[PDB]
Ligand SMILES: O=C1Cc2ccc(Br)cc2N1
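Here we start with a single chain on its own, the form deposited without 6-bromo-1,3-dihydro-2H-indol-2-one (1P8), put down as structure tokens.
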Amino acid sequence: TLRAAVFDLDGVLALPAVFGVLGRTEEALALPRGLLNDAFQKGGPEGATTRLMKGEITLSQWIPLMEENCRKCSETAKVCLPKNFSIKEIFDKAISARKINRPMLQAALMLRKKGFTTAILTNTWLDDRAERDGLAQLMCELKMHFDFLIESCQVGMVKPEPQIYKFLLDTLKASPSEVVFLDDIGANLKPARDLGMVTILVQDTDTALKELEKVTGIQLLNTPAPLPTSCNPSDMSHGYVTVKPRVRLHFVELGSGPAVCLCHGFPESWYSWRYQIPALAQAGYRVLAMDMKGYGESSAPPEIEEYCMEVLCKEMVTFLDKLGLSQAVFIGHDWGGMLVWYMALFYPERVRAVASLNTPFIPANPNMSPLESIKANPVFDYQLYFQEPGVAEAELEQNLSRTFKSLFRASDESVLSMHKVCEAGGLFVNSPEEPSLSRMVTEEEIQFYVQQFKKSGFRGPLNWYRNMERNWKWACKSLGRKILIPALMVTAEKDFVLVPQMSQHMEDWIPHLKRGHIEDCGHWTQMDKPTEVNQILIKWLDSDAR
């Protein structure tokens, strides 16, 4: 019975294989067959390549030793090398062309999901080239998906030496019969088989995956499209900034590059962006996923005034000041989407770009109170139930597991009546006390929001709805302005409160506005349609946020 899966890098988890380049270069240069390959592994276990793979020497030290081997190999075939020839130039293109083998990673991901201990066992070098970052980015992306990464240059052992295999078994804490081993080199595959491990010679991915699916008894090939990588809270970098004597902001941070500040809605968390954080960091951005004031590890002062848009926006400006950020792109959902449009209206110099999920930008009516305006549309009736301090808190805090299971549901899973919330007298009137688990979330994920909301409850979050007159008066100062910095509006087809139709006149205030629309998507955009959210934002960031 199998319990662990081992994968080589070059030719297995990454294609095209770097080995293949030595050969296709000889074909491209009408050079003798296997000339560059023979020069490569010249000397065997005593040769320059073995020393490089054991970590005795770095890649830049090996480059000249290899050129001398290429010199000698052409000398013993009675032929000569070209003028515009460089080993450095060949390997540079070879390493750069080498991309992740997505289906092979998907299969590794599925095996780990089903309880398998996963590992990478590769013959590699200490890369000190000026362009080593490309490969560093590849390894950093891959490694985080496996329990272990064993590198020949870090262990001073190499494939096919039997010591590295015994080392692999010891680190895996498993017997050979419990191990599947994938390699594109038969010679390197042999000792694993010889030790009693299950082996798969990887030539083409599809066949190798057929072999793997058969031996594990797990469907890996033709399996449904997987969800984007999520976040394990305890594996994240957690950031803390004091924005004023009693107010501290918490955020999760991942990646390098232009700063992207993610702003959640009500009643959410930084965790509501869990499927976006790895995707955006991977796309070349420095993601700062906030716990908005009143939420999670952020301060939650009791006073209503602490939650008016003006103070929330000022504190986010302070957040940037203390972190030393002149700008960040602001991406908001629900209440965060409202904040984000006001960040763009009142502080354009601090906003590189602005994007909103579901929340439209509707200017204030100076000729009507926001409380009268709410009346006009019975969809917002629940907001009047939220006005009285303590009322909604008591109902929402009473059973947290019930609160989040009832709320976080797809468009076809509705369990709550948000209409006539005033009349029925309560948000959970004819709602199950123990609702079913939505297809959007796991029990573990709901339990994350439960633990988060145990610190300060619903007062701070509900206070965001308790400053409509303040916000209205404040918004009225911007009634002569336009949003002229890059902007994106993302509509969700099946959001029954923030309906796409509410965004229709936005172009009158944001003329160069870009759009995105998500079919069959509910209010909880990020968890309902993660793949498409990431696709829309990554595409917009690369075109509009540099």
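Quick note: we count residues from 1 along the sequence shown, nothing fancier.
A second form of this protein, the form solved in complex with 6-bromo-1,3-dihydro-2H-indol-2-one (1P8), is not displayed here; the remarks below concern that form.
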6-bromo-1,3-dihydro-2H-indol-2-one (1P8) isn't shown here, but in the entry with it bound which of 103, 258, 278, 370 has a heavy atom within 4.5 Å of it?
370
Among 338, 320, 351, 120, just one has a heavy atom within 4.5 Å of 6-bromo-1,3-dihydro-2H-indol-2-one (1P8) in the entry with it bound, namely 338
Answer for residue 471 alone: is it within 4.5 Å of 6-bromo-1,3-dihydro-2H-indol-2-one (1P8) in the entry with it bound, judged on heavy atom distances?
yes
Taking 4.5 angstroms as the cut-off for heavy atoms, does residue 199 touch 6-bromo-1,3-dihydro-2H-indol-2-one (1P8) in the entry with it bound?
no
With the cut-off set at 4.5 Å between non-hydrogen atoms, does residue 383 touch 6-bromo-1,3-dihydro-2H-indol-2-one (1P8) in the entry with it bound?
yes
Does any heavy atom of residue 467 come within 4.5 Å of a heavy atom of 6-bromo-1,3-dihydro-2H-indol-2-one (1P8) in the entry with it bound?
yes
Residue stretch of 361-369, 297-305, 127-135, 71-79 approaching 6-bromo-1,3-dihydro-2H-indol-2-one (1P8) in the entry with it bound, non-hydrogen atom distance within 4.5 Å
361-369
For the stretch 283-320, which residues lie within 4.5 Å of 6-bromo-1,3-dihydro-2H-indol-2-one (1P8) in the entry with it bound by non-hydrogen atom distance?
309
